[PDB]
Amino acid sequence: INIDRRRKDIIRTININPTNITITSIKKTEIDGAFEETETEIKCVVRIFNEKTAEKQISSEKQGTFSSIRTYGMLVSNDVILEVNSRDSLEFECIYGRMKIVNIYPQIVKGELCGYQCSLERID
Amino acid sequence: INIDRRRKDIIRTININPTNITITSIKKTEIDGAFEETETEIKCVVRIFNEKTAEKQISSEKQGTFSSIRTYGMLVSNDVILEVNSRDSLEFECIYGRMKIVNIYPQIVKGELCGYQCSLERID
Amino acid sequence: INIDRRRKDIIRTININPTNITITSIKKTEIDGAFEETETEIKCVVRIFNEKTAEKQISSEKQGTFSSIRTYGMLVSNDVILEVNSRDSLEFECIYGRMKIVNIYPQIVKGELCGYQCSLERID
Amino acid sequence: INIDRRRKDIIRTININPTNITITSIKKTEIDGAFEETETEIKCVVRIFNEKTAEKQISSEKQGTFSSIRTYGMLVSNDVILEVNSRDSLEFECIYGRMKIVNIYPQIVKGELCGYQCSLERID
Amino acid sequence: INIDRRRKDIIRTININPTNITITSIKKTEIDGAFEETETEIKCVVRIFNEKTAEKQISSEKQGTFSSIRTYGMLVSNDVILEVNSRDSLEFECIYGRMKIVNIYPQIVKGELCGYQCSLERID
Amino acid sequence: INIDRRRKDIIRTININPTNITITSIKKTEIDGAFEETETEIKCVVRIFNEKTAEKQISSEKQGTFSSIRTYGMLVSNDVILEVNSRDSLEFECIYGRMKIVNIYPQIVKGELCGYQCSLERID
Amino acid sequence: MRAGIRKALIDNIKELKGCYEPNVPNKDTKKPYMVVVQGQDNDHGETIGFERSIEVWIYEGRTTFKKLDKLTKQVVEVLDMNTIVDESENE
Amino acid sequence: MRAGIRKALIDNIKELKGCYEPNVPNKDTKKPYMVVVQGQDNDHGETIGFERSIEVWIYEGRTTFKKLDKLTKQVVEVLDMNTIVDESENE
């Protein structure tokens, strides 16, 4: 497979049903054995799609209540480098509850990045 | 895929076997660190179908007893905007036990809503 | 699909291998914060079939011992209205251990009942 | 499906690879709130076959140790009526650890028995 | 199916990719309510193959640490009679970590043995 | 299958999308009932691919926090003899979080090594 | 009191690579590292008042436990009954 | 104190194959082997000071428990109240 084929396919698939998304990144930085969080905001064009037939979990407790579902995937181009770790997070404001990028699958051809297959978690 | 194609397909599929449904929405509003619940009632045309071969769970305890099953899905048009969260609920009474909308899948084409795929829980 | 097609198919399928069944219904009625049970007995023509490759569970304890399996389904016509809840039960005496109707799937066409798909639990 | 077809098929399938088996039945009888066990021995022609790719469990404890696997099925004709409950057991001495009949599936055509599909547990 | 067909197929399949294997059998014998272990060493020609996509478990504790995986199967001819129980074990020194025979599936045709389908656990 | 066929296929598949990788091996050696670790570094040409649709686990505790996922496989030639045990580890720094070789599948033809199928864990 | 104990452990111990908070250190953190976990505060009578309990969890690279025992003796020497000043609180 | 107990057990016992630390011995380790696990250190008053608790977990090849009982009596004979010198600490 050639890089141009993958690039054209990713861009086309995103452009069938794109949505403009405002990713917000909170990166934790180790300072004196604790975290100092620097918040940055980055925008990208994105297509969102179902990937898993999952069920909405609920986690009510004395801290609070929130329900999250794992169904939605995501597919974004090469325009911005992404990364999600324990110390790094990415979220964005979809209208139907806030989305959160759980795991990133970087699509690479011959050691060259071309786009991120990605997974989400719709936090209600 | 064109928006009109999706709209025609959803409306046709609902009209093969529609049921008039009286959705009741109880939305929890944060007031002085507690919930004040406002109850509204909204009606929509709906088709109900099986989606998962699941088993009826039972949850008897000193609080009480109730049995629920996740088999039934749901498919509704664009006529009314829906939303289900931890603080927001939607229910309706099919004659065979009360139904409850667990999770909402909004079918969107080019950033435009056209209908909600949905999942239910038949609370006996 | 037309209602007559579904009715013909259900009646045919039951008639390939029917079994006369004596359903016994124990309905719990709330009286002074407790249950008063009224036992009624109803008869229907029924076909029994396998649906799930499950394993026989055993639940021995100081209360007693019994083993149950979820393999058998059931398929019954429109002749009698059924319902199973936490407060309502349905059982019948198959020769090879007691059968118990766990969950009911009412096959409905255009808001009109035509027959119940059903699941059983063979209580040994 | 006609009864003769099912009978011919069951007998043929057993006769492709039959094994003579000495079923031993221990039936527990309630006597003064306890069990009195009557042991009977019955013989049948049987074909044994794999049905489930299961894993051998082990249950070592201060009572003792034994390992059982759920893989093997069984298929027997109409010649003898079988039954397995909590209070009733069936075992037989296969060379590679004695088998044990876990669950019985009676193949019935038009309310008439023709043969038992059956499941085993090879107790090592 | 004829016995010669099965024998030819097993011998061919082993001969596509055979490995000479030094099975070591430790059989526990009950003596005064305890086990006296007699160690025997037996050699057979064997083909090893993957059968299950399973994850490597780890079981570290104060007794020690070892990681085992259930992926590999095994296929051996009729040349030697095998048996694995709670009181009987079989292992062999494959150079890529110790292998242990978990469960034995004896392939039998008309009550005559022809070869053992077998499963392994590669202990590291 | 001939050895040259397997060798050609492995080398071709690696060369469709190779990545140069710096494997670091920490082998624990038993010394006075404790481990002395000798660190060596070995380089190989490798292709990385998805194998399992798995979800990212998180293991936050008072020791620290880290999240890992089992999705990525790996495929490497015969150039270097790998091995992984409880006492032996292999890791390498893919730019999207450090990878770790969980389990090794040595592809062997007629008792001759030709390449390792392999599974990874992307430790974030 | 986390700042004071962390500063004391970092300053007076040189084998140490870092002294973090409970769920801070990533899997790539360089061992040996310590973690300071505060416990209950309980009213232990008039003479003592409220008594806080603090734990210092040492970690090591699974070479051998003798290194960890040496580190533990070092930590006990550093913190046992030695007055420590928390610069953040200035207490 | 691990080194001292391990050395004493290895020297004064000959049925023993090895005396390891908690999670060391692989599955192919030759039984019988022992494992020395240290426990709490608790302040047990003025006269005793801090009292460490140490365990010696014997292991055997599942032949019979009489062999393990003999080994246990041997371990108790070796370690009970006999002064042991830890060469690593020189204490």
# chains A, B, ... in the order shown; residues from 1 in each chain; ligands from 1
$ residues_around --residues "region 15-29 of chain C" --least-positions-apart "6" --cutoff "8 Å" --atoms "only C-alpha atoms" --output "ChimeraX atom specification"
/C:35-48,87-94 /D:109-111
$ calpha_fit_and_write --fixed "chain F" --moving "chain D" --output "PDB file with C-alpha atoms, in the first residue's frame"
ATOM      1  CA  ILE D   1       5.308 -26.094   3.193  1.00  0.00           C
ATOM      2  CA  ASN D   2       8.980 -25.492   2.399  1.00  0.00           C
ATOM      3  CA  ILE D   3      11.316 -23.481   4.616  1.00  0.00           C
ATOM      4  CA  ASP D   4      12.236 -21.134   1.762  1.00  0.00           C
ATOM      5  CA  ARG D   5       8.571 -20.264   1.198  1.00  0.00           C
ATOM      6  CA  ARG D   6       8.135 -19.310   4.855  1.00  0.00           C
ATOM      7  CA  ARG D   7      11.390 -17.331   4.876  1.00  0.00           C
ATOM      8  CA  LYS D   8      10.434 -15.403   1.739  1.00  0.00           C
ATOM      9  CA  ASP D   9       6.961 -14.659   3.082  1.00  0.00           C
ATOM     10  CA  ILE D  10       8.222 -13.454   6.470  1.00  0.00           C
ATOM     11  CA  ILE D  11      10.923 -11.258   4.943  1.00  0.00           C
ATOM     12  CA  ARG D  12       8.512  -9.791   2.392  1.00  0.00           C
ATOM     13  CA  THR D  13       5.846  -9.064   5.009  1.00  0.00           C
ATOM     14  CA  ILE D  14       8.387  -7.375   7.269  1.00  0.00           C
ATOM     15  CA  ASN D  15       9.700  -5.370   4.315  1.00  0.00           C
ATOM     16  CA  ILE D  16       6.268  -4.029   3.325  1.00  0.00           C
ATOM     17  CA  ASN D  17       6.297  -1.859   6.459  1.00  0.00           C
ATOM     18  CA  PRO D  18       9.452  -2.414   8.534  1.00  0.00           C
ATOM     19  CA  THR D  19      10.542  -0.410  11.553  1.00  0.00           C
ATOM     20  CA  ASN D  20      14.024  -0.499  13.058  1.00  0.00           C
ATOM     21  CA  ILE D  21      13.674  -1.432  16.730  1.00  0.00           C
ATOM     22  CA  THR D  22      16.104  -1.346  19.666  1.00  0.00           C
ATOM     23  CA  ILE D  23      15.124  -4.297  21.838  1.00  0.00           C
ATOM     24  CA  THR D  24      16.477  -4.064  25.391  1.00  0.00           C
ATOM     25  CA  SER D  25      16.684  -7.332  27.330  1.00  0.00           C
ATOM     26  CA  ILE D  26      16.883  -7.500  31.125  1.00  0.00           C
ATOM     27  CA  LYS D  27      17.668 -11.082  32.164  1.00  0.00           C
ATOM     28  CA  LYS D  28      17.374 -11.927  35.858  1.00  0.00           C
ATOM     29  CA  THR D  29      20.072 -14.280  37.166  1.00  0.00           C
ATOM     30  CA  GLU D  30      19.672 -16.137  40.451  1.00  0.00           C
ATOM     31  CA  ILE D  31      22.476 -15.141  42.843  1.00  0.00           C
ATOM     32  CA  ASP D  32      22.283 -15.975  46.564  1.00  0.00           C
ATOM     33  CA  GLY D  33      18.541 -16.458  46.319  1.00  0.00           C
ATOM     34  CA  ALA D  34      18.037 -13.061  44.663  1.00  0.00           C
ATOM     35  CA  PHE D  35      18.211 -11.593  41.166  1.00  0.00           C
ATOM     36  CA  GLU D  36      21.203  -9.917  39.540  1.00  0.00           C
ATOM     37  CA  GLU D  37      20.033  -8.198  36.357  1.00  0.00           C
ATOM     38  CA  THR D  38      22.281  -8.002  33.283  1.00  0.00           C
ATOM     39  CA  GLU D  39      21.061  -5.509  30.678  1.00  0.00           C
ATOM     40  CA  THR D  40      21.791  -6.106  26.990  1.00  0.00           C
ATOM     41  CA  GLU D  41      20.619  -4.199  23.917  1.00  0.00           C
ATOM     42  CA  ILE D  42      19.898  -5.849  20.560  1.00  0.00           C
ATOM     43  CA  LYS D  43      18.529  -4.420  17.307  1.00  0.00           C
ATOM     44  CA  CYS D  44      16.242  -6.038  14.737  1.00  0.00           C
ATOM     45  CA  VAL D  45      14.004  -5.158  11.799  1.00  0.00           C
ATOM     46  CA  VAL D  46      10.344  -5.515  12.740  1.00  0.00           C
ATOM     47  CA  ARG D  47       6.807  -4.971  11.458  1.00  0.00           C
ATOM     48  CA  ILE D  48       4.103  -4.031  13.981  1.00  0.00           C
ATOM     49  CA  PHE D  49       0.411  -4.707  13.381  1.00  0.00           C
ATOM     50  CA  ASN D  50      -2.895  -4.782  15.223  1.00  0.00           C
ATOM     51  CA  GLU D  51      -4.109  -8.228  16.319  1.00  0.00           C
ATOM     52  CA  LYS D  52      -6.696  -7.794  19.115  1.00  0.00           C
ATOM     53  CA  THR D  53      -9.460  -5.236  19.609  1.00  0.00           C
ATOM     54  CA  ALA D  54      -8.639  -4.923  23.312  1.00  0.00           C
ATOM     55  CA  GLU D  55      -9.402  -2.162  25.812  1.00  0.00           C
ATOM     56  CA  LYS D  56      -6.847   0.036  27.569  1.00  0.00           C
ATOM     57  CA  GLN D  57      -6.574  -0.986  31.223  1.00  0.00           C
ATOM     58  CA  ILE D  58      -5.488   1.444  33.952  1.00  0.00           C
ATOM     59  CA  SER D  59      -3.774   0.416  37.194  1.00  0.00           C
ATOM     60  CA  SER D  60      -3.472   3.528  39.383  1.00  0.00           C
ATOM     61  CA  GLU D  61      -2.481   2.966  43.019  1.00  0.00           C
ATOM     62  CA  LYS D  62      -0.198   4.330  45.746  1.00  0.00           C
ATOM     63  CA  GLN D  63       2.775   2.811  43.915  1.00  0.00           C
ATOM     64  CA  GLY D  64       1.989   4.829  40.803  1.00  0.00           C
ATOM     65  CA  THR D  65      -0.112   4.852  37.656  1.00  0.00           C
ATOM     66  CA  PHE D  66       0.285   3.274  34.236  1.00  0.00           C
ATOM     67  CA  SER D  67      -2.093   2.251  31.457  1.00  0.00           C
ATOM     68  CA  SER D  68      -1.395  -0.601  29.048  1.00  0.00           C
ATOM     69  CA  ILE D  69      -3.184  -1.990  25.997  1.00  0.00           C
ATOM     70  CA  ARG D  70      -2.766  -5.418  24.417  1.00  0.00           C
ATOM     71  CA  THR D  71      -3.749  -4.611  20.816  1.00  0.00           C
ATOM     72  CA  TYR D  72      -0.429  -4.624  18.980  1.00  0.00           C
ATOM     73  CA  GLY D  73       1.262  -7.732  17.659  1.00  0.00           C
ATOM     74  CA  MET D  74       4.712  -8.051  16.130  1.00  0.00           C
ATOM     75  CA  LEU D  75       6.476 -10.040  13.410  1.00  0.00           C
ATOM     76  CA  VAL D  76      10.267 -10.447  13.304  1.00  0.00           C
ATOM     77  CA  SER D  77      12.659 -12.547  11.237  1.00  0.00           C
ATOM     78  CA  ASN D  78      15.144 -15.252  12.287  1.00  0.00           C
ATOM     79  CA  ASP D  79      18.100 -12.863  12.629  1.00  0.00           C
ATOM     80  CA  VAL D  80      18.152 -12.964  16.461  1.00  0.00           C
ATOM     81  CA  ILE D  81      17.021 -15.578  18.984  1.00  0.00           C
ATOM     82  CA  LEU D  82      14.450 -14.196  21.447  1.00  0.00           C
ATOM     83  CA  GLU D  83      13.032 -15.479  24.719  1.00  0.00           C
ATOM     84  CA  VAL D  84      10.607 -14.080  27.301  1.00  0.00           C
ATOM     85  CA  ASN D  85      10.055 -15.673  30.713  1.00  0.00           C
ATOM     86  CA  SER D  86       9.158 -14.561  34.208  1.00  0.00           C
ATOM     87  CA  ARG D  87      12.871 -13.875  34.758  1.00  0.00           C
ATOM     88  CA  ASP D  88      13.451 -12.394  31.263  1.00  0.00           C
ATOM     89  CA  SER D  89      11.939  -9.287  29.675  1.00  0.00           C
ATOM     90  CA  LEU D  90      12.085  -7.454  26.355  1.00  0.00           C
ATOM     91  CA  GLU D  91      11.035  -3.857  25.708  1.00  0.00           C
ATOM     92  CA  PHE D  92      11.635  -1.184  23.114  1.00  0.00           C
ATOM     93  CA  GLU D  93      10.957   2.511  22.630  1.00  0.00           C
ATOM     94  CA  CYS D  94       8.179   3.050  20.156  1.00  0.00           C
ATOM     95  CA  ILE D  95       7.334   6.732  19.877  1.00  0.00           C
ATOM     96  CA  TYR D  96       3.779   6.330  21.222  1.00  0.00           C
ATOM     97  CA  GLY D  97       4.627   4.845  24.597  1.00  0.00           C
ATOM     98  CA  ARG D  98       7.268   2.151  24.988  1.00  0.00           C
ATOM     99  CA  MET D  99       6.193  -1.311  23.881  1.00  0.00           C
ATOM    100  CA  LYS D 100       6.799  -4.556  25.749  1.00  0.00           C
ATOM    101  CA  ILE D 101       6.968  -8.055  24.276  1.00  0.00           C
ATOM    102  CA  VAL D 102       4.490 -10.146  26.258  1.00  0.00           C
ATOM    103  CA  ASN D 103       4.539 -13.540  24.525  1.00  0.00           C
ATOM    104  CA  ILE D 104       6.615 -15.110  21.742  1.00  0.00           C
ATOM    105  CA  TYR D 105       5.281 -17.530  19.108  1.00  0.00           C
ATOM    106  CA  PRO D 106       8.278 -19.129  17.322  1.00  0.00           C
ATOM    107  CA  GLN D 107       7.367 -20.105  13.765  1.00  0.00           C
ATOM    108  CA  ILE D 108       9.140 -23.422  13.152  1.00  0.00           C
ATOM    109  CA  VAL D 109       9.204 -25.608  10.035  1.00  0.00           C
ATOM    110  CA  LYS D 110      10.543 -29.168  10.387  1.00  0.00           C
ATOM    111  CA  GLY D 111      12.275 -28.396  13.667  1.00  0.00           C
ATOM    112  CA  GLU D 112      14.010 -25.336  12.178  1.00  0.00           C
ATOM    113  CA  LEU D 113      13.336 -21.765  13.269  1.00  0.00           C
ATOM    114  CA  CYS D 114      12.377 -19.210  10.616  1.00  0.00           C
ATOM    115  CA  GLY D 115      10.832 -16.256  12.473  1.00  0.00           C
ATOM    116  CA  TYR D 116       8.918 -15.223  15.582  1.00  0.00           C
ATOM    117  CA  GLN D 117       5.300 -14.264  15.547  1.00  0.00           C
ATOM    118  CA  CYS D 118       5.083 -12.075  18.617  1.00  0.00           C
ATOM    119  CA  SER D 119       2.703 -10.073  20.784  1.00  0.00           C
ATOM    120  CA  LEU D 120       3.170  -6.700  22.460  1.00  0.00           C
ATOM    121  CA  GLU D 121       1.776  -4.477  25.193  1.00  0.00           C
ATOM    122  CA  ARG D 122       1.980  -0.715  24.666  1.00  0.00           C
ATOM    123  CA  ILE D 123       2.761   0.640  28.139  1.00  0.00           C
ATOM    124  CA  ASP D 124       1.783   4.314  28.334  1.00  0.00           C
TER     125      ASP D 124
END
$ select_by_dssp --residues "chain E" --states "alpha helix (DSSP H)" --output "VMD selection string"
chain E and resid 3 to 16
$ write_last_selection --atoms "C-alpha atoms" --output "mmCIF file, in the first residue's frame"
data_model
loop_
_atom_site.group_PDB
_atom_site.id
_atom_site.type_symbol
_atom_site.label_atom_id
_atom_site.label_comp_id
_atom_site.auth_asym_id
_atom_site.auth_seq_id
_atom_site.Cartn_x
_atom_site.Cartn_y
_atom_site.Cartn_z
ATOM 1 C CA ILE E 3 -9.443 -46.768 10.670
ATOM 2 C CA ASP E 4 -6.759 -46.842 7.968
ATOM 3 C CA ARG E 5 -7.846 -43.420 6.696
ATOM 4 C CA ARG E 6 -7.474 -41.907 10.168
ATOM 5 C CA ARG E 7 -4.131 -43.646 10.731
ATOM 6 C CA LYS E 8 -2.742 -42.425 7.408
ATOM 7 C CA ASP E 9 -3.949 -38.881 8.047
ATOM 8 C CA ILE E 10 -2.485 -38.720 11.560
ATOM 9 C CA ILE E 11 0.867 -40.168 10.500
ATOM 10 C CA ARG E 12 1.058 -37.829 7.509
ATOM 11 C CA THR E 13 0.165 -34.741 9.550
ATOM 12 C CA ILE E 14 2.742 -35.608 12.198
ATOM 13 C CA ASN E 15 5.297 -36.252 9.454
ATOM 14 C CA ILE E 16 4.795 -32.837 7.824
#
$ closest_atom_pairs --of "chain G" --to "chain A" --cutoff "12 Å" --atoms "only C-alpha atoms" --output "tab-separated table"
residue	atom	partner	partner_atom	distance
G:2	CA	A:33	CA	9.7
G:3	CA	A:32	CA	8.3
G:4	CA	A:32	CA	11.4
G:5	CA	A:33	CA	11.7
G:6	CA	A:33	CA	8.3
G:7	CA	A:32	CA	9.1
G:10	CA	A:32	CA	10.4
G:17	CA	A:33	CA	11.0
G:18	CA	A:33	CA	7.4
G:19	CA	A:33	CA	6.1
G:20	CA	A:33	CA	3.9
G:21	CA	A:33	CA	5.7
G:22	CA	A:34	CA	9.0
G:23	CA	A:34	CA	9.0
G:24	CA	A:34	CA	6.3
G:25	CA	A:33	CA	7.9
G:26	CA	A:86	CA	7.8
G:27	CA	A:86	CA	9.8
G:28	CA	A:86	CA	11.7
G:29	CA	A:30	CA	10.7
G:33	CA	A:33	CA	10.3
G:34	CA	A:33	CA	9.8
G:35	CA	A:33	CA	8.8
G:36	CA	A:33	CA	9.8
G:88	CA	A:32	CA	11.8
$ decode --residues "region 27-121 of chain A" --atoms "C-alpha atoms" --output "PDB file, in the first residue's frame"
ATOM      1  CA  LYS A  27      -0.926  17.320  30.207  1.00  0.00           C
ATOM      2  CA  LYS A  28       0.326  16.517  33.703  1.00  0.00           C
ATOM      3  CA  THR A  29       3.917  17.591  34.391  1.00  0.00           C
ATOM      4  CA  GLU A  30       5.890  16.191  37.315  1.00  0.00           C
ATOM      5  CA  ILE A  31       6.917  19.033  39.651  1.00  0.00           C
ATOM      6  CA  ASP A  32       8.210  18.319  43.172  1.00  0.00           C
ATOM      7  CA  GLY A  33       6.679  14.863  43.087  1.00  0.00           C
ATOM      8  CA  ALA A  34       3.258  16.225  42.103  1.00  0.00           C
ATOM      9  CA  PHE A  35       1.456  17.233  38.917  1.00  0.00           C
ATOM     10  CA  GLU A  36       1.266  20.714  37.416  1.00  0.00           C
ATOM     11  CA  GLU A  37      -1.363  20.689  34.671  1.00  0.00           C
ATOM     12  CA  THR A  38      -0.961  22.821  31.535  1.00  0.00           C
ATOM     13  CA  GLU A  39      -4.172  23.125  29.510  1.00  0.00           C
ATOM     14  CA  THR A  40      -3.980  23.566  25.734  1.00  0.00           C
ATOM     15  CA  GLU A  41      -6.748  23.634  23.128  1.00  0.00           C
ATOM     16  CA  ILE A  42      -6.361  22.284  19.587  1.00  0.00           C
ATOM     17  CA  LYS A  43      -8.867  21.948  16.741  1.00  0.00           C
ATOM     18  CA  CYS A  44      -9.142  19.240  14.086  1.00  0.00           C
ATOM     19  CA  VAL A  45     -11.564  17.864  11.506  1.00  0.00           C
ATOM     20  CA  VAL A  46     -12.943  14.506  12.615  1.00  0.00           C
ATOM     21  CA  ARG A  47     -15.431  11.786  11.691  1.00  0.00           C
ATOM     22  CA  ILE A  48     -17.122   9.861  14.519  1.00  0.00           C
ATOM     23  CA  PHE A  49     -18.539   6.364  14.061  1.00  0.00           C
ATOM     24  CA  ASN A  50     -19.811   3.426  16.080  1.00  0.00           C
ATOM     25  CA  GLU A  51     -17.319   0.591  16.629  1.00  0.00           C
ATOM     26  CA  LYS A  52     -18.477  -1.513  19.618  1.00  0.00           C
ATOM     27  CA  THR A  53     -21.934  -2.612  20.748  1.00  0.00           C
ATOM     28  CA  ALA A  54     -21.289  -1.826  24.417  1.00  0.00           C
ATOM     29  CA  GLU A  55     -23.579  -1.044  27.348  1.00  0.00           C
ATOM     30  CA  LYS A  56     -23.671   2.165  29.371  1.00  0.00           C
ATOM     31  CA  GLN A  57     -21.917   1.688  32.709  1.00  0.00           C
ATOM     32  CA  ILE A  58     -22.879   3.761  35.759  1.00  0.00           C
ATOM     33  CA  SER A  59     -20.534   4.595  38.644  1.00  0.00           C
ATOM     34  CA  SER A  60     -22.603   6.368  41.315  1.00  0.00           C
ATOM     35  CA  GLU A  61     -20.951   6.822  44.719  1.00  0.00           C
ATOM     36  CA  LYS A  62     -20.420   9.395  47.476  1.00  0.00           C
ATOM     37  CA  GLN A  63     -17.971  11.222  45.208  1.00  0.00           C
ATOM     38  CA  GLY A  64     -20.651  11.678  42.565  1.00  0.00           C
ATOM     39  CA  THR A  65     -22.327   9.988  39.625  1.00  0.00           C
ATOM     40  CA  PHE A  66     -21.424   9.644  35.964  1.00  0.00           C
ATOM     41  CA  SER A  67     -22.298   7.178  33.212  1.00  0.00           C
ATOM     42  CA  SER A  68     -19.996   6.395  30.293  1.00  0.00           C
ATOM     43  CA  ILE A  69     -20.300   4.243  27.176  1.00  0.00           C
ATOM     44  CA  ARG A  70     -17.505   2.903  24.980  1.00  0.00           C
ATOM     45  CA  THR A  71     -19.354   2.588  21.653  1.00  0.00           C
ATOM     46  CA  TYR A  72     -17.991   5.492  19.627  1.00  0.00           C
ATOM     47  CA  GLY A  73     -14.764   5.402  17.664  1.00  0.00           C
ATOM     48  CA  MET A  74     -13.032   8.253  15.872  1.00  0.00           C
ATOM     49  CA  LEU A  75     -10.967   8.843  12.734  1.00  0.00           C
ATOM     50  CA  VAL A  76      -8.726  11.899  12.299  1.00  0.00           C
ATOM     51  CA  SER A  77      -6.132  12.954   9.737  1.00  0.00           C
ATOM     52  CA  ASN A  78      -2.401  13.675  10.124  1.00  0.00           C
ATOM     53  CA  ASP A  79      -2.850  17.423  10.683  1.00  0.00           C
ATOM     54  CA  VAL A  80      -2.024  17.288  14.425  1.00  0.00           C
ATOM     55  CA  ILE A  81       0.072  14.898  16.516  1.00  0.00           C
ATOM     56  CA  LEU A  82      -1.934  13.315  19.353  1.00  0.00           C
ATOM     57  CA  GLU A  83      -0.965  11.335  22.435  1.00  0.00           C
ATOM     58  CA  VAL A  84      -2.892   9.882  25.382  1.00  0.00           C
ATOM     59  CA  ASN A  85      -1.196   8.482  28.486  1.00  0.00           C
ATOM     60  CA  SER A  86      -1.935   8.165  32.176  1.00  0.00           C
ATOM     61  CA  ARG A  87      -0.522  11.687  32.585  1.00  0.00           C
ATOM     62  CA  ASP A  88      -2.126  13.056  29.376  1.00  0.00           C
ATOM     63  CA  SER A  89      -5.803  13.392  28.469  1.00  0.00           C
ATOM     64  CA  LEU A  90      -7.888  14.560  25.519  1.00  0.00           C
ATOM     65  CA  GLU A  91     -11.563  15.528  25.614  1.00  0.00           C
ATOM     66  CA  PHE A  92     -14.003  17.488  23.502  1.00  0.00           C
ATOM     67  CA  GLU A  93     -17.553  18.793  23.677  1.00  0.00           C
ATOM     68  CA  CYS A  94     -19.887  16.755  21.549  1.00  0.00           C
ATOM     69  CA  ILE A  95     -23.453  17.969  21.971  1.00  0.00           C
ATOM     70  CA  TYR A  96     -24.659  14.628  23.382  1.00  0.00           C
ATOM     71  CA  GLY A  97     -22.403  14.440  26.411  1.00  0.00           C
ATOM     72  CA  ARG A  98     -18.691  15.106  26.537  1.00  0.00           C
ATOM     73  CA  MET A  99     -16.490  12.726  24.563  1.00  0.00           C
ATOM     74  CA  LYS A 100     -13.110  11.508  25.798  1.00  0.00           C
ATOM     75  CA  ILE A 101     -10.362   9.918  23.713  1.00  0.00           C
ATOM     76  CA  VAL A 102      -9.500   6.660  25.469  1.00  0.00           C
ATOM     77  CA  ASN A 103      -6.939   5.033  23.162  1.00  0.00           C
ATOM     78  CA  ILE A 104      -5.083   6.111  20.012  1.00  0.00           C
ATOM     79  CA  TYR A 105      -4.218   3.814  17.088  1.00  0.00           C
ATOM     80  CA  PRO A 106      -1.689   5.628  14.845  1.00  0.00           C
ATOM     81  CA  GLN A 107      -1.988   4.470  11.239  1.00  0.00           C
ATOM     82  CA  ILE A 108       1.584   4.306   9.921  1.00  0.00           C
ATOM     83  CA  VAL A 109       2.879   3.354   6.469  1.00  0.00           C
ATOM     84  CA  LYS A 110       6.619   2.674   6.103  1.00  0.00           C
ATOM     85  CA  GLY A 111       7.467   4.451   9.340  1.00  0.00           C
ATOM     86  CA  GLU A 112       5.487   7.553   8.315  1.00  0.00           C
ATOM     87  CA  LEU A 113       2.346   8.766  10.062  1.00  0.00           C
ATOM     88  CA  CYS A 114      -0.778   9.328   7.963  1.00  0.00           C
ATOM     89  CA  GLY A 115      -3.699   9.454  10.416  1.00  0.00           C
ATOM     90  CA  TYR A 116      -4.967   8.227  13.775  1.00  0.00           C
ATOM     91  CA  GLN A 117      -7.613   5.608  14.168  1.00  0.00           C
ATOM     92  CA  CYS A 118      -8.995   6.441  17.582  1.00  0.00           C
ATOM     93  CA  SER A 119     -11.482   5.346  20.224  1.00  0.00           C
ATOM     94  CA  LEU A 120     -13.774   7.412  22.433  1.00  0.00           C
ATOM     95  CA  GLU A 121     -15.844   7.264  25.602  1.00  0.00           C
TER      96      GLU A 121
END
